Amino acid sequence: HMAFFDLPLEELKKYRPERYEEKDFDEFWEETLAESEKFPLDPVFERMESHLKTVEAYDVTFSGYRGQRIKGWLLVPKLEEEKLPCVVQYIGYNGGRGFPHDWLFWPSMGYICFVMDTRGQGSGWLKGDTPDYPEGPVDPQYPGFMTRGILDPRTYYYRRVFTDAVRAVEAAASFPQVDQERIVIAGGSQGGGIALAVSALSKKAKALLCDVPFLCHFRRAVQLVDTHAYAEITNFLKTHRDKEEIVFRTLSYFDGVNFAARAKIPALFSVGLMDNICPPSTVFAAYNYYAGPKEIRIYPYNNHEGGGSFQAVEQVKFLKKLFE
């Protein structure tokens, strides 16, 4: 009966709520990253036979969380350029790296594209080839990835994904043709959440493209969203009624809002005001706290599609100006 709505826009634009994060947030990520950096990155780019004619495609492997071997694609447009800018692409929920030809946009716009495959997913809308590896026993969980290892940040699924994602930018920077002054991190929804994390943790990203981000402002999310991936957390709490405080404590280490406050690189965001998967309150919480130079494209009538192909042109224009 009731159509979805959130704070009106004048309120979203001022929405800077009290952040929740433990005092050891930076230390958790420092130690996480240091432990994973002990295993050699060992990036492998295997040229592959392909029907593509305008783009050269590579099969990628590199070491992410605790040396575990993560797949990707590297798509190189055939241009007369000794160096090229690069977009590192992160993938939406239940997706995976698919085929090289699923990622033609950035190469077609003259960018090398590094597509990071997502550990353990790749079965919902686009196939994937990378397994997850638990940090110990695989605890009781609700179906999906949002509650996997949620009783402890050290065991949580996104600790491993975010580490992979940081390592992904280092791997892309190792490709000789990549212009290390123009490496972009990009993503929509889950991709956007991952990218926000990478924007805070990476030593190599120079700009962020963050669309309709997921993994932002969890306590407000579960209040508004009864479908889709945020509802996995609620469903877990319905059964583990004694685990509320622990669950939100775990999630605080992974929250896009806490990452946005640490991020320094320039960013383009987008938000759909009728998006009931990633509510605009959650998106604006992150955007407003984002500490680098930033703009946001606001799509008042769109749901989780956001700006779609209009936003893609905005991203191209944004980056051309940033890097000219």
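Each residue number is its position in the shown sequence, starting from 1.
Stretch exceeding the other in mean C-alpha B-factor - 146-154, 219-227: It is 219-227 that shows the higher mean C-alpha B-factor.
Regarding 64-72 and 38-46, which shows the higher C-alpha temperature factor on average in the entry? According to the PDB entry, the answer is 38-46.
Which has the highest CA B-factor per the PDB entry: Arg167, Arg97, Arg119, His240? It is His240.
From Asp129, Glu181, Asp211, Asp102, residue of greatest CA B-factor: Highest C-alpha B-factor among the listed residues goes to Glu181.
Would you mind ranking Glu22 by its C-alpha B-factor against the rest of the chain and naming the third, lowest, middle or highest? Its C-alpha B-factor belongs to the highest third of this chain's values.
Compare the C-alpha B factor of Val257 with those of the other modelled residues in its chain, then answer lowest, middle or highest third. According to the entry, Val257 has a C-alpha B-factor in the chain's lowest third.
Divide the modelled residues of the chain into thirds by Cα B-factor and specify which third, lowest, middle or highest, holds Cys86. According to the entry, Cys86 has a C-alpha B-factor in the chain's middle third.
Which third, lowest, middle or highest, does the CA B-factor of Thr54 fall in along this chain? For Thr54, whose C-alpha B-factor we compare with every modelled residue in the chain, the answer is the highest third.
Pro134 by Cα B-factor - lowest, middle or highest third of the modelled chain: For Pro134, the deposited C-alpha B-factor lands in the highest third.
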